[PDB]
Amino acid sequence: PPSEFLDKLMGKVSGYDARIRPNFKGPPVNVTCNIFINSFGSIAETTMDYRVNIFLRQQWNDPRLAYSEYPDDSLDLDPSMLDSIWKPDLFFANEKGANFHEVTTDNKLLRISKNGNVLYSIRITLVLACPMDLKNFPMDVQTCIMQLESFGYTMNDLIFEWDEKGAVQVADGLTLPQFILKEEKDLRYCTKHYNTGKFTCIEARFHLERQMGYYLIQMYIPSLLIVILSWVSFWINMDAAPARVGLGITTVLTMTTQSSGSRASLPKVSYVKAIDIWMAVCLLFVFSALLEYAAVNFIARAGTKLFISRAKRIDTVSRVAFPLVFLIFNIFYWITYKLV
Amino acid sequence: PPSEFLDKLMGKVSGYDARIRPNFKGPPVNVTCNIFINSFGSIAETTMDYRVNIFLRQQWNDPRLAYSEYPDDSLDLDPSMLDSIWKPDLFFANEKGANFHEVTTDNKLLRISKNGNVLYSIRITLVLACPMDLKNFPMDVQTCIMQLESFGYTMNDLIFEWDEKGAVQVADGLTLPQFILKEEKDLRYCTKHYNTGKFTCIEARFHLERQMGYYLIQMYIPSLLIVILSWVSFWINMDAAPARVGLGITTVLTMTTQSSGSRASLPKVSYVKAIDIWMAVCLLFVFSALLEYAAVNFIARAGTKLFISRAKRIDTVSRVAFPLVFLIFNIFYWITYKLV
Amino acid sequence: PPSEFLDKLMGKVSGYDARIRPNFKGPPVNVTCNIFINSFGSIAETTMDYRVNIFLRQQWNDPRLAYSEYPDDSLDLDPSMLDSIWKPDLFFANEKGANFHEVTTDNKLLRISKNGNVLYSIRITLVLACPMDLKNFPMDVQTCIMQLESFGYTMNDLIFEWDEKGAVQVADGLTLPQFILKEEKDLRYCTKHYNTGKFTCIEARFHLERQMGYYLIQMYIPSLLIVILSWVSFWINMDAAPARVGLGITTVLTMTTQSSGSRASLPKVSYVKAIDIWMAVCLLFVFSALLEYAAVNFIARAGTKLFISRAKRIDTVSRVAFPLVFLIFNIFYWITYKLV
Amino acid sequence: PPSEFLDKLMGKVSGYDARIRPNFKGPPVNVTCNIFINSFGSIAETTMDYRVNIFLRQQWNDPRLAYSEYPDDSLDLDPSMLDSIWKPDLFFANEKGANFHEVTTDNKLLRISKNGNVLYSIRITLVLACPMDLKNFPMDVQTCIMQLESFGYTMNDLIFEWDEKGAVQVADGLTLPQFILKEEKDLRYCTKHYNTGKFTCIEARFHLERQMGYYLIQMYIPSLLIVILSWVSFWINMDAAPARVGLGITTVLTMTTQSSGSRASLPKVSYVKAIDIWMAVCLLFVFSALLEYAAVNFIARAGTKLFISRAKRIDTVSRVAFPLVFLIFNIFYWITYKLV
Amino acid sequence: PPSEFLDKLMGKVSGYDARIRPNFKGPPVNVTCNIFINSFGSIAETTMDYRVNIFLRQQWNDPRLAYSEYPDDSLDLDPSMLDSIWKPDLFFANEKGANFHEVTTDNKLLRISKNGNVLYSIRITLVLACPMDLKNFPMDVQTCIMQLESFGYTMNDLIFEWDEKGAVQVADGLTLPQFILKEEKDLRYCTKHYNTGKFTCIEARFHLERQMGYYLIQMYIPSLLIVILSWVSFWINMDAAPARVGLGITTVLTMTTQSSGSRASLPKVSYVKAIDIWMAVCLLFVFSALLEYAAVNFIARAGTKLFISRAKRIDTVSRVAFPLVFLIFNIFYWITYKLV
Ligand SMILES: *[C@@H]1O[C@H](CO)[C@@H](O[C@@H]2O[C@H](CO)[C@@H](O)[C@H](O)[C@H]2NC(C)=O)[C@H](O)[C@H]1NC(C)=O
Ligand SMILES: *[C@@H]1O[C@H](CO)[C@@H](O[C@@H]2O[C@H](CO)[C@@H](O)[C@H](O)[C@H]2NC(C)=O)[C@H](O)[C@H]1NC(C)=O
Ligand SMILES: *[C@@H]1O[C@H](CO)[C@@H](O[C@@H]2O[C@H](CO)[C@@H](O)[C@H](O)[C@H]2NC(C)=O)[C@H](O)[C@H]1NC(C)=O
Ligand SMILES: *[C@@H]1O[C@H](CO)[C@@H](O[C@@H]2O[C@H](CO)[C@@H](O)[C@H](O)[C@H]2NC(C)=O)[C@H](O)[C@H]1NC(C)=O
Ligand SMILES: *[C@@H]1O[C@H](CO)[C@@H](O[C@@H]2O[C@H](CO)[C@@H](O)[C@H](O)[C@H]2NC(C)=O)[C@H](O)[C@H]1NC(C)=O
Ligand SMILES: [Cl-]
Ligand SMILES: [Cl-]
Ligand SMILES: [Cl-]
């Protein structure tokens, strides 16, 4: 008596057609759809995508499924019979591969109300493409989106829109190894315009922000300490070559070991990012110290009072000058990549 | 005569409906379910998940499957006919992908008792999501959970609960490369509250604890020895520059090679973890030794008895002072990350 | 009334045969096909392939599907019934694995016009093979192609050709971590000639160009600075051994650390590429400096005015000579790998 | 006439039931099963498993398949009809995922003899779990097993046992990158005892032994040479600081580069293994040399004949003493990890 | 009229049996099969296998498919009906996993001639196992094979043999990152001998040869230059300790950085290969230089004319002697691993 009523309502007896939309040749059916995120993030810059495991619930009205000769309000449909009912041809416009779940029971749910409203909730795993710009690495902000588009019905037939109360929700307690999923989501429309017509799609923009604290005390702070070690070489008496050449070349070797050793941890983009500018300029100052003494030793190597006054003068200017240049670069750097 | 009785009991003749729950419009069916773990652990911080291969056994009562005209107690059902019987819509609320096993025979088992009790044991492989907080790395304790939730039946229809005697069991002899699976499991309820209603779920919490002994004698001990090597530089006569500058800068280069060389082994989280604080402070002391001599050489470089007494005094304070500071940090560190 | 007309037109009543081509034993059917690229690039030199997610639309004429007793022009066909219609046996001649998409609905679309024209749009994910020549790395240009070939029909039966207006389109906003997808695509024919006959195929050539800016300020610039550091060793007075031997051997160790440290980032090809020539020659000059002083110290070590004039002369030639040789190599290098 | 006899023998006419075991309510059916290994080894300590591609042949007796009205002895069954015959519910108790092979034909084989004997040979690919203990790395011996267990039939119904002549065979010419598959296999029983009853399983134990010769001349020999380089520092006159401090600290830096450079090659276990003890003790001796001179320079730095006799005495003891300590550790090490 | 003749010839009307071989109880059917290679090579020493994407065409004679009442010669069969015809049970004896292709149409082709000849061409992707011996790395030659074996028919029923004109072909333009696919293929028989009987198989041997040019100018040449840098230490006056100890220990540190830095690029085999012998002996000579001076300084440290003549004599022998030993090893090495 429960399940032999859906065969009466969608079988060969009644004239329900599974591949004809509700309100056919009439108003476009409204689909109120909302997303719950269970798991989030296998965020990779190698393939420029991420993964998300969602419950997708989508609700519409099918007037040829209304009924009154059955006692309760809601009447659910078995997941093996979902080819017997109309469903929207929703797909995800930026997916790179996705699947259902079928463990211990097929994880699908459809529920027809007494009104004729249909609630359809599924649980799917998604590999969604979001392009990334790592020009501001590590202090970069990513925006990975999630588009929901009709595949074959235009907006004169099918209209997608978000739920009013809460569209996208995220299960609390999730943790990303790189990013922080911002709590404010950005719901937008993305309505497609092709020669076939206007196709509906609605997008959810997720804001990601990279944590920087590892790259501070593993890349930035040790390089800044090595630059200070090259600044030590200016408070040393001249013509003492092996205690000032060896210091200045050892800071070069330690900066080179710092930059090359930190190469396998940073991503494999092949363009200039904001940590490579720090390593490059912090190499140019450490190199600039030994190049400075390479000038000073040749100036004072000839031998003249002007030569010691000229050598002393160069050191006097240099001792003060290079922390000022590193301070101007140090202000312009963090304003440029951090402030904006 | 054995298998032609289940067709008599669940066929077109008898009125058994496969998608109507037992005790329909009555009490919620109890599901006594328990888990045996065969394999455990492909634990990854990159995707924040693990893998587990389980036998899931779940037992319930179906009163419209009781019988008396068959000689033995237990009557098993073929795995090809499992669509002919009601099964709970159990799913795992934190899975990221999961599958059955079908090699040489589909690894499913259903057994209907003479009482009407149904035993249903399957063998499935799971990729379950557990978020991790590596702030206390390596001396961190993880808690990876395992939730068992009804998908479409509320608690007025279906109730999950663990077995009384032993719910979760783990096959002895398993070994993880990183963690130690604790023998005490934490069985809890997790009962979900949605606008549809209260959905049953039961969770098993597994406690994991990371082994640290590699990071002692490969990261902690060599860094502590390099800090002692920077402490050697204080028991050296002053104005002997290349035997004390070169020592102090070589300890910097060896600490930098130690920290950058140990970078590819540690995980790829982008925030401050407890081994990065050890490498950072053990870099600040080794740097602080050469910065200390960079003060001492300029104090004693001018030339005055006060200058040698002032230089000697600084060395006298420093020789004693830096093992005290490393001892205070060394107590606060291991209490802070190890004791709590 | 909509969907019971396609059963009238392609069912057992009408004599439509699904595996007989249109215009059978007549003219070859024209297939106007065009490609829209959603996602592009998991470009790997390890397996010599890439990935692309496309909409493939292909249009042909089937004269035994024309109709007039139905009100509208276009009449769409359900994706479950696509075995009931003829489709071209198009495959991709350089694929290494590929699949469809079926999430929330099978992502296929077929539309029969009143004229008898059939539009067939699908959405498939592709792993396409393109062989790469990394001899000019990093300043190399790749050309990865995309072939569309008939599988069993010769050109006397089936002819593929691109759409006139726009054949290949790429969704704007895509970003590759290594390359830049050039905006000018190269549409060609590739017509196959076998003993069975001439098989149609049409190819789209995509031009990729590698970004170099990382390898400038991480590989090229630090090596050039180390070569300048070996040039510093010539403006030093002779017979001062430990300040000139230790400098020259420390530049060797820093160049060796630069070359070996940059090894895990560059690809795993086992042949000579254009960055290995830079690292090799920038090792031969840094080695050539200490080998030069290894000559100079033995010339001036014996003791004669000719010996100091001969030593001074060698330094005089060397001080000027090695930046000229590095300038000739530096012109020939960037013309040879960058200009052509 | 060949294939229309199996439809006579297992069809709707004859009373063969596919899901009722032979000799039902009688003796347990014997399954003589044997394994041929084609490929072996994707041995990973990350997931604690390996892969093996086998032919599994299993033979049993089915008395209701005996026949006499057909000319030849053996009568084979088509792989599409294997649901029409009883098969054992064998599974592998330590698999983590496994599949069949179906390329160009489904790779299954069943052959019914005139006696009623059934031979069933399949070809399957296996990911089998074996836990590993890398405490003795590299000179460790692993034992990876392979269990064959009935899934739903107890030992009162089904009994597995190996073939007498040769149970497990391995195709000659296989090569592992890490291990050596020992030629002596260890056939055992593993009979399971559950509350349902005794379930049959038979296991094959494979003995693996790791090759060590890479870790000799890449980890052990260079570290031993660096320890000898620290032993060089004792045959040097005292108060010659920069030629003995710089040697002793350069051996520390070279040992640190050796240990940190060899870190990415060794596995990612997080506990103390036998190569980490070698690197740790070979770091403690190289550190102990400079700590020894850090004592000697302070003893002889004050100035007294007793001080030079005390300094000379310390060197005299140390010159002899540290190769004896490294010899005692060098005997205890290789006996402890290599002999047992 | 085209496709309703194959139903007349292989349907329920005619007595064609799909699982009975042609010429049953007669001569063994000949299968003339040939292979075209589209893509080749995901060659991995970790799993000891490679990948290849082939067209497999196989031709045989089926005398109960000959016809004369149809106008043309060739009559093709639909890929959905391939279970209606006999096909050989060919499989690949060294595959580790393999699949078909089904994109836009199932990529299979069968064509029945008027003679009764059947042509069957498919397109499959293969992971084929070839064991590798990296003892001669990098100058090693691999031989990866490809076996085609009958699964259930002996040689009294089915015989495989290659095509006469061209059996294996490779699509031009392919590029491997490591190897060079040799143009001369080695076609062989491999006929299997089991207790069931003789099973046919035919194999194609592919010869691979590794390119070495990367390992020359990245591993061999820099190590040889460091050995020359240790040869520089012999043309230096004795009793000049810090300019000859520091040189000789810096060559040790640079050789250690060269060997440990080149470790992550070379494969993960755990046995002695031919580049590890080069790095080991090039470490023993660089170590042997400082050990030589560690003898010389103790000989000349005591003080005697014999001591300076003995010291000078040792240097005199050593200056000449070590390039001779490196020349003997350098001849024996390249003859031993390169010539044979
Ligand atoms: C889906 O939503 C749209 C938007 O409200 C509905 O279209 C409106 O229908 C009312 C009828 O009272 C008109 O007054 C509006 O002008 C329509 N808005 C449009 C066309 O943008 C549409 O009816 C809804 N679909 C269904 C099946 O009810
Ligand atoms: C599942 O377990 C619950 C909990 O015991 C059962 O509900 C109880 O039924 C008894 C009837 O004697 C009542 O007295 C209790 O108040 C009920 N507890 C509740 C509602 O929390 C329920 O009957 C069981 N299901 C079945 C099918 O027996
Ligand atoms: C597919 O395109 C070809 C190329 O136009 C068509 O073949 C031509 O048919 C016209 C008939 O008016 C001839 O004059 C040309 O010589 C043909 N060109 C050839 C054979 O290269 C073909 O008819 C088209 N297919 C269909 C079904 O219309
Ligand atoms: C499977 O093997 C067992 C072991 O031989 C058989 O059981 C034996 O049957 C003989 C009958 O002559 C008894 O004497 C033994 O005591 C039995 N051994 C036991 C029960 O351990 C069994 O019959 C075999 N199965 C079949 C179908 O023949
Ligand atoms: C497959 O090839 C074999 C080898 O030629 C054929 O066997 C031969 O048949 C001729 C008949 O004229 C004999 O003279 C040879 O001695 C046979 N050679 C053998 C048995 O090795 C066989 O007939 C072929 N199969 C078919 C179906 O024609
Ligand atoms: Cl150094
Ligand atoms: Cl280094
Ligand atoms: Cl590294």
# chains A, B, ... in the order shown; residues from 1 in each chain; ligands from 1
call {"tool": "residues_around", "arguments": {"residues": "residue 60 (chain B)", "least_positions_apart": "6", "cutoff": "6 Å", "atoms": "only C-alpha atoms", "output": "JSON, numbers by chain"}}
result
{"B": [30, 31, 117, 118]}
call {"tool": "write_last_selection", "arguments": {"atoms": "C-alpha atoms", "output": "mmCIF file, in the first residue's frame"}}
result
data_model
loop_
_atom_site.group_PDB
_atom_site.id
_atom_site.type_symbol
_atom_site.label_atom_id
_atom_site.label_comp_id
_atom_site.auth_asym_id
_atom_site.auth_seq_id
_atom_site.Cartn_x
_atom_site.Cartn_y
_atom_site.Cartn_z
ATOM 1 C CA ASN B 30 17.232 -1.202 16.156
ATOM 2 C CA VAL B 31 20.498 -1.817 14.294
ATOM 3 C CA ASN B 117 16.724 -11.534 12.851
ATOM 4 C CA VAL B 118 18.892 -10.443 9.931
#
call {"tool": "residues_near_ligand", "arguments": {"ligand": "ligand 3", "cutoff": "7 Å", "atoms": "only C-alpha atoms and all ligand atoms", "output": "NGL selection string"}}
result
:C and (23 or 27-30 or 61 or 159)
call {"tool": "interface_residues", "arguments": {"of": "chain D", "to": "chain A", "cutoff": "12 Å", "atoms": "only C-alpha atoms", "output": "PDB file with N, CA, C and O atoms, in the first residue's frame"}}
result
ATOM      1  N   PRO D 242      93.708  27.565  14.009  1.00  0.00           N
ATOM      2  CA  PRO D 242      92.821  27.578  12.828  1.00  0.00           C
ATOM      3  C   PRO D 242      93.023  26.403  11.885  1.00  0.00           C
ATOM      4  O   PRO D 242      92.175  26.182  11.011  1.00  0.00           O
ATOM      5  N   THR D 257      76.108  17.402   6.475  1.00  0.00           N
ATOM      6  CA  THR D 257      75.669  17.359   5.084  1.00  0.00           C
ATOM      7  C   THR D 257      75.452  15.923   4.618  1.00  0.00           C
ATOM      8  O   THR D 257      74.536  15.653   3.833  1.00  0.00           O
ATOM      9  N   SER D 260      72.042  14.805   6.556  1.00  0.00           N
ATOM     10  CA  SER D 260      70.845  15.484   6.075  1.00  0.00           C
ATOM     11  C   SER D 260      70.626  15.232   4.590  1.00  0.00           C
ATOM     12  O   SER D 260      69.485  15.237   4.112  1.00  0.00           O
ATOM     13  N   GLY D 261      71.706  15.016   3.841  1.00  0.00           N
ATOM     14  CA  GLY D 261      71.566  14.739   2.423  1.00  0.00           C
ATOM     15  C   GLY D 261      71.045  13.346   2.141  1.00  0.00           C
ATOM     16  O   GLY D 261      70.415  13.113   1.104  1.00  0.00           O
ATOM     17  N   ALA D 264      66.365  12.187   2.434  1.00  0.00           N
ATOM     18  CA  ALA D 264      65.276  12.036   1.476  1.00  0.00           C
ATOM     19  C   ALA D 264      65.272  10.680   0.784  1.00  0.00           C
ATOM     20  O   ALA D 264      64.269  10.333   0.154  1.00  0.00           O
TER      21      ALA D 264
END
call {"tool": "residues_around", "arguments": {"residues": "residue 213 (chain E)", "least_positions_apart": "2", "cutoff": "10 Å", "atoms": "only C-alpha atoms", "output": "ChimeraX atom specification"}}
result
/C:269-273 /E:138,210-211,215-220
call {"tool": "write_last_selection", "arguments": {"atoms": "C-alpha atoms", "output": "mmCIF file, in the first residue's frame"}}
result
data_model
loop_
_atom_site.group_PDB
_atom_site.id
_atom_site.type_symbol
_atom_site.label_atom_id
_atom_site.label_comp_id
_atom_site.auth_asym_id
_atom_site.auth_seq_id
_atom_site.Cartn_x
_atom_site.Cartn_y
_atom_site.Cartn_z
ATOM 1 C CA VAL C 269 65.080 14.166 -18.687
ATOM 2 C CA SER C 270 68.386 12.330 -19.106
ATOM 3 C CA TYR C 271 69.916 14.426 -21.883
ATOM 4 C CA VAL C 272 71.689 17.741 -22.213
ATOM 5 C CA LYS C 273 69.323 20.698 -21.956
ATOM 6 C CA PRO E 138 73.379 5.075 -16.625
ATOM 7 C CA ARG E 210 69.428 5.101 -21.765
ATOM 8 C CA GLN E 211 70.745 8.520 -22.710
ATOM 9 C CA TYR E 215 74.880 12.348 -16.073
ATOM 10 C CA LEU E 216 78.090 13.321 -17.859
ATOM 11 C CA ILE E 217 77.957 17.074 -17.310
ATOM 12 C CA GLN E 218 76.043 16.894 -14.037
ATOM 13 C CA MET E 219 77.627 13.942 -12.184
ATOM 14 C CA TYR E 220 80.780 12.718 -13.943
#
call {"tool": "closest_residue", "arguments": {"among": "E:327, E:157, E:135, E:65", "to": "residue 275 (chain E)", "atoms": "only C-alpha atoms"}}
result
E:135
call {"tool": "atom_distance", "arguments": {"atom1": "CA of residue 208 (chain B)", "atom2": "CA of residue 182 (chain B)"}}
result
6.0 Å
call {"tool": "residues_around", "arguments": {"residues": "region 68-77 of chain D", "least_positions_apart": "2", "cutoff": "8 Å", "atoms": "only C-alpha atoms", "output": "PyMOL selection string"}}
result
chain D and resi 6+66+79+81-82+109-114
